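Shown here: run.txt, compact mmCIF, N, CA and C atoms.
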```txt
# COMPACT_ATOMS: atom_id res chain seq x y z
N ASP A 11 -14.83 -18.27 45.76
CA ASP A 11 -13.66 -19.08 45.44
C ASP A 11 -12.89 -19.53 46.68
N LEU A 12 -13.42 -20.57 47.29
CA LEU A 12 -12.67 -21.32 48.28
C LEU A 12 -11.47 -22.02 47.65
N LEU A 13 -11.60 -22.43 46.38
CA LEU A 13 -10.58 -23.23 45.70
C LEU A 13 -9.20 -22.60 45.78
N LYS A 14 -9.11 -21.27 45.71
CA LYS A 14 -7.81 -20.65 45.89
C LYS A 14 -7.22 -21.00 47.25
N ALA A 15 -8.03 -20.93 48.30
CA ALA A 15 -7.53 -21.27 49.62
C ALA A 15 -7.04 -22.71 49.68
N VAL A 16 -7.84 -23.65 49.17
CA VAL A 16 -7.51 -25.07 49.36
C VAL A 16 -6.27 -25.46 48.56
N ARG A 17 -6.13 -24.93 47.35
CA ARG A 17 -4.95 -25.24 46.56
C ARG A 17 -3.71 -24.66 47.20
N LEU A 18 -3.84 -23.47 47.78
CA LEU A 18 -2.72 -22.88 48.50
C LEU A 18 -2.32 -23.75 49.67
N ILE A 19 -3.31 -24.17 50.46
CA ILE A 19 -3.00 -25.02 51.60
C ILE A 19 -2.41 -26.33 51.14
N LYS A 20 -3.01 -26.94 50.12
CA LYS A 20 -2.42 -28.15 49.57
C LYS A 20 -0.97 -27.92 49.21
N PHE A 21 -0.69 -26.85 48.47
CA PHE A 21 0.68 -26.56 48.06
C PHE A 21 1.61 -26.44 49.26
N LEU A 22 1.15 -25.80 50.33
CA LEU A 22 1.97 -25.66 51.53
C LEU A 22 2.36 -27.02 52.10
N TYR A 23 1.39 -27.93 52.22
CA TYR A 23 1.69 -29.23 52.80
C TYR A 23 2.63 -30.04 51.92
N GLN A 24 2.47 -29.91 50.60
CA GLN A 24 3.37 -30.54 49.63
C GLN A 24 4.80 -30.04 49.74
N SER A 25 4.99 -28.82 50.23
CA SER A 25 6.29 -28.18 50.21
C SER A 25 7.18 -28.53 51.39
N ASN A 26 6.75 -29.38 52.33
CA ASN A 26 7.59 -29.76 53.46
C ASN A 26 7.80 -31.27 53.47
N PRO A 27 8.60 -31.79 52.55
CA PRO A 27 8.87 -33.22 52.50
C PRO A 27 9.69 -33.65 53.70
N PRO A 28 9.73 -34.95 54.01
CA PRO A 28 10.46 -35.40 55.19
C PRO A 28 11.90 -34.93 55.17
N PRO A 29 12.50 -34.74 56.33
CA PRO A 29 13.88 -34.25 56.38
C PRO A 29 14.87 -35.33 55.98
N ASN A 30 16.07 -34.88 55.65
CA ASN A 30 17.17 -35.77 55.27
C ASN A 30 17.62 -36.64 56.45
N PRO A 31 17.49 -37.97 56.36
CA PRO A 31 17.96 -38.86 57.44
C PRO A 31 19.47 -38.89 57.63
N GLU A 32 20.25 -38.30 56.73
CA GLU A 32 21.68 -38.52 56.64
C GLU A 32 22.46 -37.26 57.03
N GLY A 33 23.74 -37.47 57.35
CA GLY A 33 24.65 -36.48 57.89
C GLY A 33 24.98 -36.72 59.36
N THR A 34 25.61 -35.72 59.97
CA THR A 34 26.02 -35.78 61.37
C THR A 34 24.82 -35.82 62.30
N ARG A 35 25.07 -36.28 63.53
CA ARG A 35 24.01 -36.32 64.52
C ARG A 35 23.26 -35.01 64.57
N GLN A 36 23.99 -33.89 64.56
CA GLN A 36 23.38 -32.58 64.70
C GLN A 36 22.75 -32.07 63.40
N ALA A 37 23.35 -32.38 62.25
CA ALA A 37 22.67 -32.05 61.00
C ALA A 37 21.34 -32.80 60.90
N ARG A 38 21.33 -34.05 61.36
CA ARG A 38 20.12 -34.86 61.37
C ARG A 38 19.08 -34.26 62.31
N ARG A 39 19.52 -33.88 63.51
CA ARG A 39 18.61 -33.33 64.50
C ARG A 39 18.15 -31.93 64.12
N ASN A 40 19.06 -31.09 63.61
CA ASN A 40 18.68 -29.74 63.21
C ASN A 40 17.67 -29.75 62.07
N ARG A 41 17.75 -30.74 61.18
CA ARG A 41 16.80 -30.74 60.09
C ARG A 41 15.45 -31.25 60.54
N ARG A 42 15.41 -32.17 61.51
CA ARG A 42 14.13 -32.54 62.11
C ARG A 42 13.49 -31.36 62.81
N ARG A 43 14.29 -30.59 63.55
CA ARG A 43 13.76 -29.42 64.24
C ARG A 43 13.21 -28.41 63.25
N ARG A 44 13.95 -28.14 62.18
CA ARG A 44 13.44 -27.20 61.20
C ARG A 44 12.21 -27.73 60.47
N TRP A 45 12.13 -29.05 60.25
CA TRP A 45 10.94 -29.60 59.62
C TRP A 45 9.72 -29.37 60.50
N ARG A 46 9.86 -29.57 61.81
CA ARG A 46 8.75 -29.42 62.75
C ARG A 46 8.28 -27.97 62.87
N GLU A 47 9.20 -27.00 62.79
CA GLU A 47 8.77 -25.61 62.87
C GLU A 47 8.17 -25.12 61.56
N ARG A 48 8.70 -25.54 60.41
CA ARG A 48 8.00 -25.28 59.15
C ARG A 48 6.60 -25.86 59.17
N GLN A 49 6.45 -27.08 59.69
CA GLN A 49 5.13 -27.68 59.76
C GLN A 49 4.21 -26.87 60.67
N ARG A 50 4.75 -26.31 61.76
CA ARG A 50 3.94 -25.42 62.59
C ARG A 50 3.57 -24.15 61.83
N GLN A 51 4.52 -23.55 61.11
CA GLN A 51 4.19 -22.44 60.23
C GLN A 51 3.08 -22.82 59.26
N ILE A 52 3.23 -23.95 58.58
CA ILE A 52 2.24 -24.39 57.60
C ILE A 52 0.88 -24.55 58.25
N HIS A 53 0.84 -25.16 59.44
CA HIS A 53 -0.44 -25.32 60.13
C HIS A 53 -1.05 -23.97 60.47
N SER A 54 -0.30 -23.12 61.15
CA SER A 54 -0.85 -21.84 61.60
C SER A 54 -1.31 -20.99 60.42
N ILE A 55 -0.54 -20.98 59.34
CA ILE A 55 -0.95 -20.26 58.15
C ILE A 55 -2.24 -20.85 57.61
N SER A 56 -2.28 -22.17 57.49
CA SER A 56 -3.48 -22.79 56.96
C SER A 56 -4.68 -22.48 57.84
N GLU A 57 -4.51 -22.52 59.16
CA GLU A 57 -5.60 -22.16 60.07
C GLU A 57 -6.09 -20.76 59.77
N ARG A 58 -5.14 -19.84 59.61
CA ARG A 58 -5.45 -18.43 59.42
C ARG A 58 -6.19 -18.20 58.11
N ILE A 59 -5.75 -18.86 57.04
CA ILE A 59 -6.40 -18.69 55.74
C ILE A 59 -7.84 -19.16 55.79
N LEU A 60 -8.09 -20.32 56.40
CA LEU A 60 -9.45 -20.82 56.46
C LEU A 60 -10.31 -19.98 57.40
N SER A 61 -9.71 -19.43 58.45
CA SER A 61 -10.44 -18.54 59.34
C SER A 61 -10.97 -17.30 58.63
N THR A 62 -10.32 -16.87 57.55
CA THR A 62 -10.86 -15.73 56.80
C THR A 62 -12.26 -16.04 56.28
N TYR A 63 -12.55 -17.30 56.02
CA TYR A 63 -13.86 -17.79 55.60
C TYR A 63 -14.76 -17.99 56.79
N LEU A 64 -14.23 -17.55 57.92
CA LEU A 64 -14.68 -17.49 59.31
C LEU A 64 -14.91 -18.89 59.88
N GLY A 65 -15.93 -19.02 60.72
CA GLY A 65 -15.87 -20.00 61.79
C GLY A 65 -15.31 -19.52 63.13
N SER B 8 1.11 -8.30 68.77
CA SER B 8 2.06 -9.37 68.54
C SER B 8 2.17 -9.70 67.03
N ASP B 9 3.41 -9.93 66.64
CA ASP B 9 3.80 -10.16 65.25
C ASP B 9 4.13 -11.61 64.93
N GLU B 10 3.97 -12.53 65.89
CA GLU B 10 4.47 -13.89 65.71
C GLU B 10 3.93 -14.53 64.44
N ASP B 11 2.62 -14.44 64.24
CA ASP B 11 2.02 -15.07 63.08
C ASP B 11 2.65 -14.54 61.80
N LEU B 12 3.02 -13.26 61.78
CA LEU B 12 3.56 -12.71 60.54
C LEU B 12 4.98 -13.17 60.29
N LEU B 13 5.85 -13.09 61.30
CA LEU B 13 7.22 -13.54 61.11
C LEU B 13 7.25 -15.01 60.75
N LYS B 14 6.30 -15.76 61.31
CA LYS B 14 6.11 -17.15 60.93
C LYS B 14 5.86 -17.25 59.43
N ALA B 15 4.95 -16.43 58.91
CA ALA B 15 4.63 -16.48 57.49
C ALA B 15 5.86 -16.17 56.65
N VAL B 16 6.59 -15.12 57.02
CA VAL B 16 7.70 -14.63 56.21
C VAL B 16 8.84 -15.64 56.17
N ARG B 17 9.10 -16.34 57.28
CA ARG B 17 10.16 -17.34 57.24
C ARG B 17 9.79 -18.51 56.33
N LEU B 18 8.53 -18.94 56.38
CA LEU B 18 8.08 -19.99 55.47
C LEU B 18 8.21 -19.55 54.02
N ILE B 19 7.78 -18.32 53.72
CA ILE B 19 7.87 -17.79 52.37
C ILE B 19 9.31 -17.81 51.87
N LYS B 20 10.25 -17.37 52.71
CA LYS B 20 11.66 -17.47 52.35
C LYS B 20 12.04 -18.90 51.99
N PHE B 21 11.64 -19.86 52.83
CA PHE B 21 11.90 -21.25 52.52
C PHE B 21 11.31 -21.64 51.17
N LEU B 22 10.10 -21.17 50.89
CA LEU B 22 9.48 -21.47 49.61
C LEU B 22 10.36 -20.99 48.46
N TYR B 23 10.85 -19.76 48.56
CA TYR B 23 11.70 -19.25 47.49
C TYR B 23 13.02 -20.00 47.43
N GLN B 24 13.60 -20.34 48.58
CA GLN B 24 14.83 -21.12 48.55
C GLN B 24 14.65 -22.44 47.85
N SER B 25 13.43 -22.95 47.82
CA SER B 25 13.26 -24.27 47.24
C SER B 25 13.10 -24.19 45.72
N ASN B 26 13.12 -22.99 45.16
CA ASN B 26 13.04 -22.77 43.72
C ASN B 26 14.26 -21.98 43.25
N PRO B 27 15.45 -22.57 43.27
CA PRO B 27 16.63 -21.83 42.83
C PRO B 27 16.64 -21.66 41.32
N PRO B 28 17.23 -20.58 40.82
CA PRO B 28 17.30 -20.39 39.37
C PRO B 28 18.14 -21.48 38.74
N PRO B 29 17.87 -21.82 37.48
CA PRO B 29 18.65 -22.85 36.80
C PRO B 29 20.00 -22.32 36.31
N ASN B 30 20.93 -23.26 36.13
CA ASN B 30 22.14 -22.99 35.36
C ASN B 30 21.82 -23.08 33.87
N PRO B 31 22.30 -22.19 33.09
CA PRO B 31 21.95 -22.21 31.65
C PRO B 31 22.78 -23.21 30.86
N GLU B 32 22.52 -24.50 31.06
CA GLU B 32 23.26 -25.52 30.34
C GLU B 32 22.29 -26.50 29.68
N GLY B 33 22.84 -27.31 28.79
CA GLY B 33 22.04 -28.19 27.96
C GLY B 33 21.68 -27.54 26.65
N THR B 34 20.74 -28.16 25.93
CA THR B 34 20.34 -27.57 24.67
C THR B 34 19.60 -26.26 24.93
N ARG B 35 19.66 -25.36 23.95
CA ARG B 35 18.92 -24.12 24.05
C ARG B 35 17.45 -24.38 24.33
N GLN B 36 16.92 -25.46 23.76
CA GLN B 36 15.51 -25.77 23.95
C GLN B 36 15.25 -26.26 25.36
N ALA B 37 16.16 -27.07 25.91
CA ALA B 37 16.06 -27.44 27.32
C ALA B 37 16.25 -26.23 28.22
N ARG B 38 17.17 -25.33 27.86
CA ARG B 38 17.39 -24.15 28.69
C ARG B 38 16.12 -23.32 28.79
N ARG B 39 15.45 -23.08 27.66
CA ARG B 39 14.24 -22.28 27.68
C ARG B 39 13.08 -23.03 28.34
N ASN B 40 12.96 -24.34 28.11
CA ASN B 40 11.90 -25.07 28.81
C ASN B 40 12.10 -24.97 30.30
N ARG B 41 13.35 -24.95 30.73
CA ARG B 41 13.66 -24.99 32.14
C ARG B 41 13.53 -23.62 32.82
N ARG B 42 13.89 -22.54 32.13
CA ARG B 42 13.55 -21.22 32.65
C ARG B 42 12.04 -21.04 32.72
N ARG B 43 11.30 -21.62 31.77
CA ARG B 43 9.84 -21.47 31.78
C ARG B 43 9.23 -22.16 32.99
N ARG B 44 9.64 -23.40 33.27
CA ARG B 44 9.12 -24.07 34.46
C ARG B 44 9.49 -23.31 35.71
N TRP B 45 10.71 -22.76 35.73
CA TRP B 45 11.13 -21.98 36.88
C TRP B 45 10.26 -20.76 37.07
N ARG B 46 9.92 -20.06 35.98
CA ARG B 46 9.11 -18.86 36.16
C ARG B 46 7.72 -19.23 36.65
N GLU B 47 7.18 -20.35 36.18
CA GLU B 47 5.86 -20.78 36.64
C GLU B 47 5.88 -21.16 38.12
N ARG B 48 6.93 -21.85 38.57
CA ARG B 48 7.07 -22.15 39.99
C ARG B 48 7.29 -20.88 40.80
N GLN B 49 8.13 -19.98 40.29
CA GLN B 49 8.39 -18.72 40.98
C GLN B 49 7.13 -17.87 41.06
N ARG B 50 6.34 -17.86 40.00
CA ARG B 50 5.08 -17.11 40.04
C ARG B 50 4.11 -17.74 41.02
N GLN B 51 4.05 -19.06 41.04
CA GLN B 51 3.26 -19.77 42.03
C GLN B 51 3.62 -19.33 43.44
N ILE B 52 4.91 -19.37 43.77
CA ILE B 52 5.36 -18.97 45.10
C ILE B 52 5.03 -17.51 45.35
N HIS B 53 5.16 -16.66 44.33
CA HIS B 53 4.87 -15.25 44.52
C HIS B 53 3.41 -15.04 44.91
N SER B 54 2.49 -15.59 44.12
CA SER B 54 1.07 -15.41 44.41
C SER B 54 0.69 -16.04 45.74
N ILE B 55 1.24 -17.22 46.05
CA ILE B 55 0.99 -17.85 47.35
C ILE B 55 1.42 -16.92 48.49
N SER B 56 2.63 -16.35 48.38
CA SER B 56 3.14 -15.47 49.44
C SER B 56 2.26 -14.25 49.64
N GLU B 57 1.80 -13.66 48.54
CA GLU B 57 0.95 -12.49 48.63
C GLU B 57 -0.35 -12.80 49.37
N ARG B 58 -1.06 -13.85 48.96
CA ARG B 58 -2.29 -14.20 49.67
C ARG B 58 -2.02 -14.48 51.14
N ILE B 59 -0.87 -15.09 51.44
CA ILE B 59 -0.49 -15.34 52.82
C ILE B 59 -0.32 -14.03 53.57
N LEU B 60 0.39 -13.08 52.96
CA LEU B 60 0.64 -11.83 53.66
C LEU B 60 -0.61 -10.97 53.72
N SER B 61 -1.41 -10.98 52.66
CA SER B 61 -2.65 -10.24 52.69
C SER B 61 -3.57 -10.76 53.78
N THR B 62 -3.43 -12.04 54.13
CA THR B 62 -4.19 -12.63 55.22
C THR B 62 -3.90 -11.93 56.55
N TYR B 63 -2.68 -11.45 56.72
CA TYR B 63 -2.28 -10.71 57.91
C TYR B 63 -2.71 -9.26 57.86
N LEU B 64 -3.54 -8.93 56.87
CA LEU B 64 -4.09 -7.61 56.61
C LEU B 64 -3.01 -6.68 56.13
N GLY B 65 -1.77 -7.16 56.04
CA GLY B 65 -0.65 -6.40 55.55
C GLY B 65 0.65 -7.07 55.96
```

Could the structure of this file be written out as structure tokens, please?
Amino acid sequence: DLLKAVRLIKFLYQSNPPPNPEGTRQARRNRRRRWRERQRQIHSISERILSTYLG
Amino acid sequence: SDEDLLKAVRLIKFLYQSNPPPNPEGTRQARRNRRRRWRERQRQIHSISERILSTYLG
């Protein structure tokens, strides 16, 4: 069952929608920064899950 | 090094934050339909988090 892995990864990517363009300069910038680090989390996790299937 | 794990746990927290419990308003039938969708999303996040953490061997 690879399918569990792929649906999980799919779900992860679905869960980080673009950040809010609106608010103060710093609310705008802080949300971009948090979006980019969540995306790094999502990538690293996804890498790790697929690595269990080795390669 | 624990970086990969703390990374996982912060994302998991975000996942749970994105599924807040509902306010019990509207028709009783809407209230129950809405708690039901919430439990299914919450269960989804729960199982996702577990597989993520089990990936770290613990």

Find the axis-aligned box for segment 38-45 of chain B, covering all its listed atoms and adding 8 Å on each side, and write its centre and edge lengths in Å to one decimal as JSON.
```
{"center_x": 13.3, "center_y": -23.0, "center_z": 32.4, "size_x": 24.3, "size_y": 20.6, "size_z": 25.4}
```

Looking only at helix (DSSP H, G or I) from DSSP on the backbone, list the matching residues of chain B as a VMD selection string.
chain B and resid 10 to 24 35 to 62

Please identify all residues of chain A having at least one atom at most 6.5 Å from any atom of chain B, considering all atoms listed in the file, and return them as an MDAnalysis selection string.
chainID A and resid 18 48 51 59

Calculated over only N, CA and C atoms, which of the candidates B:10, B:45, B:39, B:65 has the smallest distance to residue 27 of chain B?
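The answer is B:45, which sits nearest to residue 27 of chain B.
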
Identify, on the basis of only C-alpha atoms, every residue whose closest approach to residue 27 of chain A does not exceed 12 Å; exclude the query and any residue fewer than 2 positions from it along the same chain; express the result as a PDB file with N, CA and C atoms, in the coordinates of the input.
```pdb
ATOM      1  N   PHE A  21      -0.690 -26.850  48.470  1.00  0.00           N
ATOM      2  CA  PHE A  21       0.680 -26.560  48.060  1.00  0.00           C
ATOM      3  C   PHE A  21       1.610 -26.440  49.260  1.00  0.00           C
ATOM      4  N   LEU A  22       1.150 -25.800  50.330  1.00  0.00           N
ATOM      5  CA  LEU A  22       1.970 -25.660  51.530  1.00  0.00           C
ATOM      6  C   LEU A  22       2.360 -27.020  52.100  1.00  0.00           C
ATOM      7  N   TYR A  23       1.390 -27.930  52.220  1.00  0.00           N
ATOM      8  CA  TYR A  23       1.690 -29.230  52.800  1.00  0.00           C
ATOM      9  C   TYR A  23       2.630 -30.040  51.920  1.00  0.00           C
ATOM     10  N   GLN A  24       2.470 -29.910  50.600  1.00  0.00           N
ATOM     11  CA  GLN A  24       3.370 -30.540  49.630  1.00  0.00           C
ATOM     12  C   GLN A  24       4.800 -30.040  49.740  1.00  0.00           C
ATOM     13  N   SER A  25       4.990 -28.820  50.230  1.00  0.00           N
ATOM     14  CA  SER A  25       6.290 -28.180  50.210  1.00  0.00           C
ATOM     15  C   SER A  25       7.180 -28.530  51.390  1.00  0.00           C
ATOM     16  N   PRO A  29      12.500 -34.740  56.330  1.00  0.00           N
ATOM     17  CA  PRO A  29      13.880 -34.250  56.380  1.00  0.00           C
ATOM     18  C   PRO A  29      14.870 -35.330  55.980  1.00  0.00           C
ATOM     19  N   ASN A  30      16.070 -34.880  55.650  1.00  0.00           N
ATOM     20  CA  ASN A  30      17.170 -35.770  55.270  1.00  0.00           C
ATOM     21  C   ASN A  30      17.620 -36.640  56.450  1.00  0.00           C
ATOM     22  N   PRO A  31      17.490 -37.970  56.360  1.00  0.00           N
ATOM     23  CA  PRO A  31      17.960 -38.860  57.440  1.00  0.00           C
ATOM     24  C   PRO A  31      19.470 -38.890  57.630  1.00  0.00           C
ATOM     25  N   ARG A  41      17.750 -30.740  61.180  1.00  0.00           N
ATOM     26  CA  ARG A  41      16.800 -30.740  60.090  1.00  0.00           C
ATOM     27  C   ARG A  41      15.450 -31.250  60.540  1.00  0.00           C
ATOM     28  N   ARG A  42      15.410 -32.170  61.510  1.00  0.00           N
ATOM     29  CA  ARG A  42      14.130 -32.540  62.110  1.00  0.00           C
ATOM     30  C   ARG A  42      13.490 -31.360  62.810  1.00  0.00           C
ATOM     31  N   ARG A  44      13.950 -28.140  62.180  1.00  0.00           N
ATOM     32  CA  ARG A  44      13.440 -27.200  61.200  1.00  0.00           C
ATOM     33  C   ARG A  44      12.210 -27.730  60.470  1.00  0.00           C
ATOM     34  N   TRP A  45      12.130 -29.050  60.250  1.00  0.00           N
ATOM     35  CA  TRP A  45      10.940 -29.600  59.620  1.00  0.00           C
ATOM     36  C   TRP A  45       9.720 -29.370  60.500  1.00  0.00           C
ATOM     37  N   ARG A  46       9.860 -29.570  61.810  1.00  0.00           N
ATOM     38  CA  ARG A  46       8.750 -29.420  62.750  1.00  0.00           C
ATOM     39  C   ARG A  46       8.280 -27.970  62.870  1.00  0.00           C
ATOM     40  N   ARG A  48       8.700 -25.540  60.410  1.00  0.00           N
ATOM     41  CA  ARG A  48       8.000 -25.280  59.150  1.00  0.00           C
ATOM     42  C   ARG A  48       6.600 -25.860  59.170  1.00  0.00           C
ATOM     43  N   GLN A  49       6.450 -27.080  59.690  1.00  0.00           N
ATOM     44  CA  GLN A  49       5.130 -27.680  59.760  1.00  0.00           C
ATOM     45  C   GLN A  49       4.210 -26.870  60.670  1.00  0.00           C
TER      46      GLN A  49
ATOM     47  N   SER B  25      13.430 -22.950  47.820  1.00  0.00           N
ATOM     48  CA  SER B  25      13.260 -24.270  47.240  1.00  0.00           C
ATOM     49  C   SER B  25      13.100 -24.190  45.720  1.00  0.00           C
TER      50      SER B  25
END
```

Which value, in Å to one decimal, gives the distance between atom CA of residue 56 of chain A and atom CA of residue 17 of chain A?
10.8 Å

Please measure the separation of atom CA of residue 16 of chain A and atom CA of residue 54 of chain A, giving the value in Å to one decimal.
14.3 Å

One decimal, Å: what's the distance from atom CA of residue 43 of chain A over to atom CA of residue 23 of chain B, could you say?
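Atom-to-atom, atom CA of residue 43 of chain A to atom CA of residue 23 of chain B, that is 19.7 Å.
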
Regenerate segment 18-35 of chain B at the level of N, CA, C and O atoms and dump it as a PDB file, in the coordinates of the input.
```pdb
ATOM      1  N   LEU B  18       8.530 -18.940  56.380  1.00  0.00           N
ATOM      2  CA  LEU B  18       8.080 -19.990  55.470  1.00  0.00           C
ATOM      3  C   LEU B  18       8.210 -19.550  54.020  1.00  0.00           C
ATOM      4  O   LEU B  18       8.658 -20.318  53.161  1.00  0.00           O
ATOM      5  N   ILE B  19       7.780 -18.320  53.720  1.00  0.00           N
ATOM      6  CA  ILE B  19       7.870 -17.790  52.370  1.00  0.00           C
ATOM      7  C   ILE B  19       9.310 -17.810  51.870  1.00  0.00           C
ATOM      8  O   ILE B  19       9.579 -18.219  50.734  1.00  0.00           O
ATOM      9  N   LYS B  20      10.250 -17.370  52.710  1.00  0.00           N
ATOM     10  CA  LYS B  20      11.660 -17.470  52.350  1.00  0.00           C
ATOM     11  C   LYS B  20      12.040 -18.900  51.990  1.00  0.00           C
ATOM     12  O   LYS B  20      12.693 -19.148  50.976  1.00  0.00           O
ATOM     13  N   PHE B  21      11.640 -19.860  52.830  1.00  0.00           N
ATOM     14  CA  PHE B  21      11.900 -21.250  52.520  1.00  0.00           C
ATOM     15  C   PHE B  21      11.310 -21.640  51.170  1.00  0.00           C
ATOM     16  O   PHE B  21      11.938 -22.360  50.396  1.00  0.00           O
ATOM     17  N   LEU B  22      10.100 -21.170  50.890  1.00  0.00           N
ATOM     18  CA  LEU B  22       9.480 -21.470  49.610  1.00  0.00           C
ATOM     19  C   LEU B  22      10.360 -20.990  48.460  1.00  0.00           C
ATOM     20  O   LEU B  22      10.576 -21.702  47.478  1.00  0.00           O
ATOM     21  N   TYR B  23      10.850 -19.760  48.560  1.00  0.00           N
ATOM     22  CA  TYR B  23      11.700 -19.250  47.490  1.00  0.00           C
ATOM     23  C   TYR B  23      13.020 -20.000  47.430  1.00  0.00           C
ATOM     24  O   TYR B  23      13.525 -20.279  46.339  1.00  0.00           O
ATOM     25  N   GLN B  24      13.600 -20.340  48.580  1.00  0.00           N
ATOM     26  CA  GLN B  24      14.830 -21.120  48.550  1.00  0.00           C
ATOM     27  C   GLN B  24      14.650 -22.440  47.850  1.00  0.00           C
ATOM     28  O   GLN B  24      15.619 -23.036  47.380  1.00  0.00           O
ATOM     29  N   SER B  25      13.430 -22.950  47.820  1.00  0.00           N
ATOM     30  CA  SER B  25      13.260 -24.270  47.240  1.00  0.00           C
ATOM     31  C   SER B  25      13.100 -24.190  45.720  1.00  0.00           C
ATOM     32  O   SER B  25      12.959 -25.229  45.069  1.00  0.00           O
ATOM     33  N   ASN B  26      13.120 -22.990  45.160  1.00  0.00           N
ATOM     34  CA  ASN B  26      13.040 -22.770  43.720  1.00  0.00           C
ATOM     35  C   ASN B  26      14.260 -21.980  43.250  1.00  0.00           C
ATOM     36  O   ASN B  26      14.125 -20.816  42.841  1.00  0.00           O
ATOM     37  N   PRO B  27      15.450 -22.570  43.270  1.00  0.00           N
ATOM     38  CA  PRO B  27      16.630 -21.830  42.830  1.00  0.00           C
ATOM     39  C   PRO B  27      16.640 -21.660  41.320  1.00  0.00           C
ATOM     40  O   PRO B  27      16.124 -22.515  40.584  1.00  0.00           O
ATOM     41  N   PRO B  28      17.230 -20.580  40.820  1.00  0.00           N
ATOM     42  CA  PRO B  28      17.300 -20.390  39.370  1.00  0.00           C
ATOM     43  C   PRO B  28      18.140 -21.480  38.740  1.00  0.00           C
ATOM     44  O   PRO B  28      19.038 -22.057  39.379  1.00  0.00           O
ATOM     45  N   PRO B  29      17.870 -21.820  37.480  1.00  0.00           N
ATOM     46  CA  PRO B  29      18.650 -22.850  36.800  1.00  0.00           C
ATOM     47  C   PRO B  29      20.000 -22.320  36.310  1.00  0.00           C
ATOM     48  O   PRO B  29      20.205 -21.121  36.113  1.00  0.00           O
ATOM     49  N   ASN B  30      20.930 -23.260  36.130  1.00  0.00           N
ATOM     50  CA  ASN B  30      22.140 -22.990  35.360  1.00  0.00           C
ATOM     51  C   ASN B  30      21.820 -23.080  33.870  1.00  0.00           C
ATOM     52  O   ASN B  30      21.129 -24.007  33.437  1.00  0.00           O
ATOM     53  N   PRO B  31      22.300 -22.190  33.090  1.00  0.00           N
ATOM     54  CA  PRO B  31      21.950 -22.210  31.650  1.00  0.00           C
ATOM     55  C   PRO B  31      22.780 -23.210  30.860  1.00  0.00           C
ATOM     56  O   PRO B  31      23.654 -22.876  30.049  1.00  0.00           O
ATOM     57  N   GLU B  32      22.520 -24.500  31.060  1.00  0.00           N
ATOM     58  CA  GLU B  32      23.260 -25.520  30.340  1.00  0.00           C
ATOM     59  C   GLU B  32      22.290 -26.500  29.680  1.00  0.00           C
ATOM     60  O   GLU B  32      21.091 -26.507  29.963  1.00  0.00           O
ATOM     61  N   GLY B  33      22.840 -27.310  28.790  1.00  0.00           N
ATOM     62  CA  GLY B  33      22.040 -28.190  27.960  1.00  0.00           C
ATOM     63  C   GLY B  33      21.680 -27.540  26.650  1.00  0.00           C
ATOM     64  O   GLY B  33      22.223 -26.503  26.262  1.00  0.00           O
ATOM     65  N   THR B  34      20.740 -28.160  25.930  1.00  0.00           N
ATOM     66  CA  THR B  34      20.340 -27.570  24.670  1.00  0.00           C
ATOM     67  C   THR B  34      19.600 -26.260  24.930  1.00  0.00           C
ATOM     68  O   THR B  34      19.007 -26.060  25.990  1.00  0.00           O
ATOM     69  N   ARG B  35      19.660 -25.360  23.950  1.00  0.00           N
ATOM     70  CA  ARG B  35      18.920 -24.120  24.050  1.00  0.00           C
ATOM     71  C   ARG B  35      17.450 -24.380  24.330  1.00  0.00           C
ATOM     72  O   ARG B  35      16.796 -23.638  25.077  1.00  0.00           O
TER      73      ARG B  35
END
```
